[PDB]
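Here's a solo chain for you in structure tokens, the form deposited in one PDB entry.
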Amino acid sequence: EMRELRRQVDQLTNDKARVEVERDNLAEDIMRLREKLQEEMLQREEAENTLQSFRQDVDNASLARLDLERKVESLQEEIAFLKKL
């Protein structure tokens, strides 16, 4: 039907044109999001590495504290022996 046909073509062309704009823009968006994701993932690994390193420093200090506490106890015992001759 000639009426119905031309009806189709006319706006079909515009409709396709609209979806192509949407598609293009989404393609730009995904390019920007991929970029952001790579940036953020590197920055997340970095924060987690800095935190891991800090925790290692804290553990190493805690061991140093324990050794000092044992050294104090030992030295106090020596003092006692000296006061006892």
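Start at 1 with the first residue shown and count on from there. If you superpose the two forms and keep the largest set of C-alpha atoms that fall within 1.5 Å, you have the rigid core. Shifts are known only where both forms have a C-alpha.
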Mean B factor on CA atoms, stretches 17-25 and 72-80, record says higher is 72-80
Could you say whether, by C-alpha temperature factor, residue 42 belongs to the lowest, middle or highest third of its chain?
highest
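Although not depicted, the form deposited in another entry is the subject of the following passage.
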With the core fixed, which bits of the chain, 3+ residues long, show every Cα moving 2 Å or more between the shown form and the other one?
60-85
